[PDB]
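I have placed the structure first, in the form of structure tokens, so that the comments after it can refer back to it.
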Amino acid sequence: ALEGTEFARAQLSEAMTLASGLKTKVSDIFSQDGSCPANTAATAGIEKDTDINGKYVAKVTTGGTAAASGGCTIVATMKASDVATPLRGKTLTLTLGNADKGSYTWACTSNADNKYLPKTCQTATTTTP
């Protein structure tokens with residue numbers, strides 16, 4: 001008897017797995033400098049604030065307005081990658097509202113192929129071109 005795989009591109013599993021996995025990573029973002037900067041003090045003496053992993057297939061950075069409560073709007077991206085969507089993964093964004101005295105909160109805001117009705121994850125703002 002022989003063995004082997006068939007699916008391989010189990011994007012379904014990786015999809016959900018990537019969702020919760022993203023929350024954990026983003027949760028660290030605000031936890032990085034205990035604030036919400038924009039890689040202004042990263043890629044210099046840190047190994048977390050400056051993510052953007054892959055060969056230009058992942059544009060992730062910190063953002064928002066916080067430094068005592070919780071207001072980090074991190075925006076991730078996928079350019080010329082090979083996961084989700086037929087062309088590109090597009091951009092995505094999440095928010096942190098822990099308040100530094102509550103129990104952590106989140107606000108989804110994705111911007112990757114949104115033709116169907118909205119739910120949980122909204123559409124990212126226009127942002128600069």
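In the structure tokens, the first chain shown is A, the next is B, and so on; residue numbers restart at 1 for each chain, and ligands run from 1 in the order shown.
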Point to revise | Neighbour list for residue 99 (chain A) as JSON, numbers by chain, cut-off 7 Å, only C-alpha atoms, skip fewer than 2 positions in-chain | key: {"A": [69, 70, 97, 101, 102]}
**Study point:** 10 Å contact set for region 60-64 of chain A, only C-alpha atoms, chain neighbours under 4 positions out, as a PyMOL selection string
**Key:** chain A and resi 26+29-30+32+35-40+42+48-53+70-78+91-96
Exercise for review: Using only C-alpha atoms, determine which residues lie at most 12 Å from residue 12 (chain A), disregarding the query and same-chain residues fewer than 5 positions distant; provide the list as a PyMOL selection string.
Suggested key: chain A and resi 7+17-19+83-84
Save the residues we just selected, N, CA, C and O atoms, as a CSV table (one decimal), in the first residue's frame?
chain,number,residue,atom,x,y,z
A,7,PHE,N,-5.0,17.0,-1.1
A,7,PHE,CA,-5.3,18.4,-1.0
A,7,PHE,C,-4.0,19.3,-1.1
A,7,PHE,O,-3.8,19.9,-2.1
A,17,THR,N,-6.5,28.9,11.1
A,17,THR,CA,-5.3,28.9,11.9
A,17,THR,C,-4.5,30.2,11.9
A,17,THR,O,-3.9,30.6,12.9
A,18,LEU,N,-4.6,30.8,10.7
A,18,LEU,CA,-3.9,32.1,10.5
A,18,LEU,C,-4.6,33.2,11.3
A,18,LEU,O,-4.0,34.2,11.7
A,19,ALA,N,-5.9,33.1,11.3
A,19,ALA,CA,-6.8,34.1,12.0
A,19,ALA,C,-6.4,34.3,13.4
A,19,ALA,O,-5.9,35.3,13.9
A,83,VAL,N,-0.9,32.9,-1.1
A,83,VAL,CA,-1.9,32.4,-0.1
A,83,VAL,C,-3.1,33.2,-0.2
A,83,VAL,O,-3.1,34.4,-0.2
A,84,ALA,N,-4.3,32.5,-0.4
A,84,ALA,CA,-5.6,33.2,-0.5
A,84,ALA,C,-5.6,34.1,-1.7
A,84,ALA,O,-4.6,34.6,-2.2
Point to revise | strand (DSSP E or B) residues, from DSSP on the backbone, in chain A, as number ranges by chain | key: A: 61, 64, 72-78, 90-96, 106-111, 119, 121-123
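Here CA of residue 47 (chain A) stands at a distance of 17.1 Å from CA of residue 22 (chain A).
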**Study point:** CA of residue 120 (chain A) to CA of residue 81 (chain A), distance in Å rounded to a single decimal
**Key:** 24.6 Å
